[PDB]
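Note sheet for the following structure.
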Amino acid sequence: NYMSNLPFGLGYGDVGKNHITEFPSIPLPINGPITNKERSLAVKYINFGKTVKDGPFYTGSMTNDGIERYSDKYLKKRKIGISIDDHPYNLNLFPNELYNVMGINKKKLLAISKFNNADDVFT
Amino acid sequence: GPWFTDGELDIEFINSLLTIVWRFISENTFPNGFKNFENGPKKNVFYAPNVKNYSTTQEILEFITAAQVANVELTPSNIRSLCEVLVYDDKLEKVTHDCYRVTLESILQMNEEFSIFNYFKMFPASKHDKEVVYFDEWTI
Amino acid sequence: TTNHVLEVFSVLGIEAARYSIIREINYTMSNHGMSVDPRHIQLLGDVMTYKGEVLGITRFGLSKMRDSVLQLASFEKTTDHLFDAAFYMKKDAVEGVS
Amino acid sequence: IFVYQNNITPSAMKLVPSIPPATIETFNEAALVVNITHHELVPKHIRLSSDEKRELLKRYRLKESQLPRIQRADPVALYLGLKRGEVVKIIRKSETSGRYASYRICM
Amino acid sequence: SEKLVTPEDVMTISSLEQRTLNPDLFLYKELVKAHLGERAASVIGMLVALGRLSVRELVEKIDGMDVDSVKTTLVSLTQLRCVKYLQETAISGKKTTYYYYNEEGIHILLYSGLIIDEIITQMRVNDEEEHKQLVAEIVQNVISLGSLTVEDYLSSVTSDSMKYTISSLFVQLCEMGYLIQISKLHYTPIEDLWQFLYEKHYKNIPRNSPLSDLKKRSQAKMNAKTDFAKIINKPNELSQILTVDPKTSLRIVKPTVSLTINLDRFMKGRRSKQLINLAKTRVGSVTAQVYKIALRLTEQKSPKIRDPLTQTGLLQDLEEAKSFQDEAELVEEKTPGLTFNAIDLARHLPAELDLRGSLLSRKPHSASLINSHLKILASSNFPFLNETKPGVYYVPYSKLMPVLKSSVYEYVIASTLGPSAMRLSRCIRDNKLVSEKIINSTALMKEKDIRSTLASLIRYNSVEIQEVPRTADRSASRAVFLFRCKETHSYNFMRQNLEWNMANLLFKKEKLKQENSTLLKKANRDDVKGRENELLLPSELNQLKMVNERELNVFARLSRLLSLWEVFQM
DNA sequence: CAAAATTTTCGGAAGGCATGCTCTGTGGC
DNA sequence: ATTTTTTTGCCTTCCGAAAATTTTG
RNA sequence: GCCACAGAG
Ligand SMILES: CCC[C@@H](C)[C@H]1CC[C@H]2[C@@H]3[C@H](O)C[C@@H]4C[C@H](O)CC[C@]4(C)[C@H]3C[C@H](O)[C@]12C
């Protein structure tokens with residue numbers, strides 16, 4: 001019958017369900033409360049991520065209407081972005097086939113972000 | 001051995017006997033014992049390297065014979081085997097054959113930066129927390 | 001010459017194996033007086049000898065001649081072909097008649 | 001062209017592609033007693049140049065992977081020394097029509 | 001969830017879709033997508049999935065990206081040292097550049113704040129606020145820009161005294177090994193470098209030599225090995241600091257060199273920290289301080305975490321493996337800067353440290369007490385120190401790192417699956433191959449507890465079943481099952497598990513930030529910063545507080561995993 | 001020179017397929 | 001718990017065993 | 001419904 005014999009340890013009322021949970025129940029001990037040193041380390045992570053995200057090397061994801069009004073005048077431009085080809089590249093560190101997308105002989109400025117000792121994170 | 005109770009082990013007897021043997025060895029291997037660790041982490045002291053702080057098997061057997069808490073006679077093989085159980089729990093360590101010494105981690109387990117060894121000092125996470133890390137995950 | 005075809009393929013090449021196939025099939029048909037037009041026989045020989053070797057009209061020959069999955073599965077050894085296609089993750093272009 | 005007498009060890013057959021620009025072809029004296037291209041079954045193979053191959057591919061408007069194939073280590077391909085990617089034109093003699101041309105590519 | 005949970009809820013609230021991803025690919029793609037854009041994430045993901053790829057192959061394998069976009073994102077990845085490259089010419093004369101992925105840049109992105117904190121701590125500039133802030137900002141700029149020149153960095157600073165202090169701090173970073181000179185070595189692969197050197201020194205040997213083929217191979221590989229060692233040890237020789245006295249006789253690094261962060265020195269510091277934490281649980285607290293001072297003194301000249309010669313595929317010979325082991329054991333001992341004595345450590349102890357009453361002999365930074373601490377370090381069960389001669393000590397890394405790995409792995413098991421799991425694992429590891437009865441006899445606990453605990457341990461590759469068949473057909477009923485503990489399988493599985501956990505945490509954080517992007521963009525403004533309680537609604541303020549707290553907890557848990565994951569990288 | 005590692009060749013067994021294509025009835029489980 | 005078979009041919013893949021060849025000492 | 005034979009061209 002294939003559904004009659006049981007091992008010695010098991011009982012008849014314990015089998016027949018097969019409810020295997022999908023959610024884990026064994027946590028690592030890393031889930032404790034945060035400390036001051038860990039909070040400074042975390043805000044260092046956050047500041048570094050913000051610095052890289054707004055830096056010249058981002059390569060983002062893969063209402064500017066055509067009508068012209070008088071309000072288009074006296075309107076500020078958003079932000080003059082530093083592009084990929086506006087960095088002082090050391091050309092010895094790159095293959096030759098990537099030269100044409102860089103700036104070989106154009107204006108170069110090195111964008112520097114100053115570290116903020118104060119915690120930008122609000123609580 | 002005397003551990004066989006009605007064909008199986010008696011775990012309460014095991015726990016009591018292991019606790020008293022570990023108690024004895026910890027008393028011998030430290031200058032003042034647990035009270036030396038009671039006041040604080042900084043005021044505690046340790047033996048010099050030339051001091052024979054290790055406890056041999058014969059001293060442990062004599063102590064457990066004098067205590068008479070087991071109520072059964074104990075062979076040196078039996079006390080050696082249960083001390084091997086103790087070193088399996090990483091409560092103590094073996095520096096020489098028939099010679100053992102309580103480790104400091106088992107001392108700290110009874111009673112800053114994160115380490116895996118002092119995991120008992122870490123508190124469990126609050127419920128309804130999404131970003132909590134499980135060891136059982138990725139294989140469940 | 002030899003009536004055996006793979007022997008001729010090994011000795012003289014694939015292009016002589018094609019003539020061996022065509023001549024042997026034509027001789028077999030002509031002995032019984034079936035009178036088949038040898039253009040069909042030439043087509044059969046060309047299909048057997050267009051991948052650089054003499055494949056043969058069998059499930060092992062079709063396993064090498066045809067790269068499609070559904071055609072080979074519908075012929076012979078369906079389970080093995082389907083599981084091999086699933087494992088190797090091959091893409092079956094639906095261009096064949098089957 | 002290397003012509004051995006009785007047999008060649010399998011350890012030497014894997015040593016023939018050692019030279020990158022040059023190629024080595026090994027033959028057997030027993031396999032050279034009679035010429036295979038003079039056999040009545042084997043028709044005329046004529047290897048085509050790169051210009052002729054490109055002209056054929058442009059005339060029939062197809063990629064080189066769609067041509068009929070001839071293996072290397074095939075006896076006639078070994079005789080003419082075809083390398084990979086070369087196209088050979090074969091002059092077939094059929095009693096139905098006469099002489100007609102087919103094409104194969106070495107692989 | 002006592003009631004029935006539909007597969008809808010299983011798919012949408014659990015991480016089931018993230019359990020089918022390779023942990024390395026998942027972690028690297030998540031890190032690159034978090035720091036750089038999605039195009040760089042796609043390129044890194046394809047490089048991990050398909051191995052090495054040309055620019056044309058990357059174009060034809062990624063949909064929607066043309067050659068210009070691929071080249072631009074390759075430049076962006078190459079600047080941050082996230083992509084290695086190798087330019088090779090075929091026999092036909094065509095030249096193709098194959099781009100790899102290198103774990104160095106991704107680990108730099110992963111360890112960034114830890115690296116910054118390590119730089120802040122390791123040069124004792126915590127007392128001075130100006131030096132600490134300057135060091136933090138220069139390290140952050142170096143990591144964010146990948147590699148930079150001192151002249152270009154100082155072109156944005158106008159104060160002469162500030163420029164002098166920045167140059168002095170750059171020199172101080174260079175002399176202690178944390179900033180090195182970037183070169184084509186850091187972009188060429190190790191395997192390709194060793195293959196090129198071996199081929200060059202094999203073709204250098206002339207024809208018709210009297211020596212045989214194995215001797216030719218051994219001579220060529222020995223010459224390639226010494227050339228490879230000389231090439232790898234180049235950036236550690238301080239050749240970029242030799243420009244001394246241009247004016248007023250001070251030492252400055254050259255203004256035409258490109259400095260970059262050194263990952264190997266940082267991992268050496270992390271190894272020292274892990275060893276200090278291990279020693280804190282065996283020998284005291286003052287002894288731990290002495291060990292910390294000794295390890296920080298001999299940290300820069302300690303052997304590397306992973307010897308690159310082991311990553312060249314050369315371990316296929318047993319003789320090469322034992323030669324690597326012997327060379328590591330010799331270089332851990334006979335390096336001139338590794339041995340130390342009590343007098344050497346006496347010059348670096350802090351003023352608060354006393355050592356006076358820490359030792360009881362029987363039941364002012366003195367050299368005898370320091371020697372007693374080093375003796376009890378060397379006489380402990382764990383091989384913290386070894387004595388070549390009486391009074392001189394060195395750290396036996398090749399015999400201490402396996403012990404550290406075993407202790408960390410065992411305590412992870414003890415903390416997760418319980419102390420009985422640690423007892424069972426250590427019992428199985430003590431005597432190598434055991435049966436259930438021998439386990440029950442040696443480890444005194446109940447047989448059903450043995451069976452349940454080992455069944456739990458089996459799921460994580462901790463315990464491997466050895467089947468001994470007693471019939472012609474290996475039936476499970478007639479056979480007898482022994483148990484053995486395999487170290488390599490367990491360490492690999494735990495490393496992969498922690499890597500997947502880090503990747504899952506980063507994915508959760510990125511999803512939370514993406515779903516609160518509107519509030520986060522509103523809050524992360526120059527005018528709103530410092531005035532959050534005024535220009536924001538109370539509900540928006542509470543949501544911002546909750547999001548920031550969740551992000552902080554995520555990054556702290558990531559740091560705690562990194563403290564637990566790098567041990568298996570050793 | 002012959003001991004030891006690597007590779008090739010050679011068998012017998014283990015699998016698989018074929019043993020038409022359609023169609024109409026009954027009898028027993 | 002003694003103990004029949006009940007078509008015939010063709011084909012590839014596997015897998016030790018032995019033979020053939022090269023490679024280390 | 002599954003098997004089993006029985007026939008038709
Ligand atoms: C005792 C009988 C042995 C017999 C079955 C063996 C021994 C000689 C073998 C042939 C020769 O090898 C020549 C050819 C080689 C091709 O590759 C496949 C066909 C081919 C005709 C062979 C077939 C088969 O393998 C034969 C006849």
Side-chain angles (χ1 to χ4, degrees), chain A residues 1-2 5, chain C residues 2-10 14 17 20-21 24-25 28-29 32 34 36 40 44 47-49 51-88 90 97-98, chain D residues 2-19 24 26-28 30-31 71-73, chain E residues 198-199 201-202 205 207-225 313-323 467 469 471-475 477-478:
Chain A
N1 285 334
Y2 187 73
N5 197 248
Chain C
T2 312
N3 55 358
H4 199 213
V5 55
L6 274 75
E7 188 176 359
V8 171
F9 165 60
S10 189
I14 187 69
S20 283
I21 285 164
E24 272 291 291
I25 298 279
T28 304
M29 295 286 176
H32 293 246
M34 295 298 102
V36 61
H40 304 311
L44 174 60
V47 175
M48 290 171 75
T49 67
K51 296 276 280 204
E53 49 187 357
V54 179
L55 277 300
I57 311 299
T58 178
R59 91 162 163 281
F60 304 112
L62 276 296
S63 299
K64 305 187 189 307
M65 269 182 30
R66 300 298 310 160
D67 48 352
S68 52
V69 176
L70 286 188
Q71 172 167 347
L72 301 179
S74 66
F75 170 57
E76 185 170 345
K77 240 179 179 187
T78 305
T79 295
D80 280 17
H81 284 122
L82 283 171
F83 273 124
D84 278 0
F87 176 76
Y88 293 120
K90 50 186 79 170
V97 192
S98 188
Chain D
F2 195 73
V3 184
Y4 52 85
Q5 184 178 2
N6 285 318
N7 76 43
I8 180 150
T9 187
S11 195
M13 288 315 252
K14 69 184 294 184
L15 191 141
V16 310
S18 167
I19 318 169
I24 302 296
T26 67
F27 280 108
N28 196 345
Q71 285 195 323
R72 44 185 191 167
Chain E
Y198 170 81
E199 284 264 15
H201 288 255
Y202 193 87
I205 286 175
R207 259 65 171 257
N208 319 92
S209 285
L211 61 83
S212 62
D213 194 56
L214 183 140
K215 198 132 58 180
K216 199 189 299 172
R217 188 192 331 276
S218 198
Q219 163 168 344
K221 72 179 292 315
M222 186 66 204
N223 293 17
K225 180 175 302 193
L314 185 62
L315 281 168
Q316 52 180 327
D317 306 72
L318 180 58
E319 295 92 20
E320 291 304 312
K322 56 173 55 180
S323 158
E467 175 177 15
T471 44
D473 52 316
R474 311 167 184 256
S475 167
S477 52
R478 296 293 313 172

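All chains are named by letter (A, B, ...) in the order of the sequence lines, taking the proteins before the strands, and each is independently numbered beginning at 1. Below, all heavy atoms of this structure are taken into account, side chains as well, without hydrogens, waters or symmetry copies.
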For E/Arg217 and G/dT23, give me the distance from atom CZ to atom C1', rounded to whole Å. 10 Å
Between E/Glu320 and E/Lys221, does any NZ, NE, NH1 or NH2 come within less than 4.0 Å of an OD or OE carboxylate oxygen? yes
Would you check if there is a donor-acceptor pair between the side chains of E/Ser477 and E/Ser475 at a distance under 3.5 Å? yes
Atom pair distance, as rounded to whole Å: CG in C/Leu6 and P in G/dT12: 10 Å
Should the sugar of F/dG11 be assigned to the north (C3'-endo side) or south (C2'-endo side) class according to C1'-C2'-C3'-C4'? north
Starting from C1' on G/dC11, measure out to CD1 on C/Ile57 and report it in whole angstrom. 16 Å
How long is the line joining CG of E/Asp213 and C1' of G/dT21, in whole Å? 16 Å
Separation of G/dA20 atom P from D/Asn6 atom CG, nearest Å, is 15 Å
Just the rounded figure in Å: distance from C1' of G/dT22 to CG of E/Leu214. 13 Å
Where the side chain of C/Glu76 is concerned, which of G/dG25, F/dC17, G/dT21 is the nearest nucleotide? F/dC17
How many Å lie between CD1 on D/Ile8 and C1' on G/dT22, as a whole number? 15 Å
North or south for the sugar of F/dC17? Use the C1'-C2'-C3'-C4' sign convention, positive meaning north. north
Side-chain heavy-atom pair E/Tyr198, E/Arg217 within 4.5 angstrom cut-off: yes
Using atom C1' in both nucleotides, what's the gap between G/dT3 and F/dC23 to the nearest angstrom? 44 Å
Mark yes when both conditions hold for G/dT6 and G/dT7 (six-membered ring centres under 5.5 angstrom, interplanar angle under 30 degrees), and no otherwise. no
With rounding to the closest Å, how many angstrom separate the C1' atoms on H/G7 and F/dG27? 15 Å
Students should be able to answer this: classify the pucker of G/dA20 from the sign of its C1'-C2'-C3'-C4' torsion, north or south. south
One should read off an interatomic distance between C/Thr79 OG1 and C/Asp84 CG, to the nearest 0.5 angstrom, of 10.5 Å
Candidates G/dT21, F/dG16, G/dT24 - which lies nearest the side chain of C/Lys77: F/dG16
Per D/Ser11 side chain, nearest of listed nucleotides G/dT22, G/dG25, G/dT12: G/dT22
Roughly how many Å apart are F/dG16 and H/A8, using the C1' atom of each and rounding to a whole number? 34 Å
Need the pucker for F/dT24. North if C1'-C2'-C3'-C4' is positive, south if negative. north
Is the shortest heavy-atom distance from the side chain of C/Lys64 to the side chain of C/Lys51 under 4.5 Å? no
Given G/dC10, is OP1 or OP2 found less than 4.0 Å from the side-chain N or O atoms of C/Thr58? no
Measuring from the side chain of C/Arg59 (C-beta onward, heavy atoms only), which nucleotide among G/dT24, F/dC17, G/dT22 has the closest atom? F/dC17
Can you tell me the distance, in whole Å, between the CG atom of C/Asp84 and the P atom of F/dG16? 15 Å
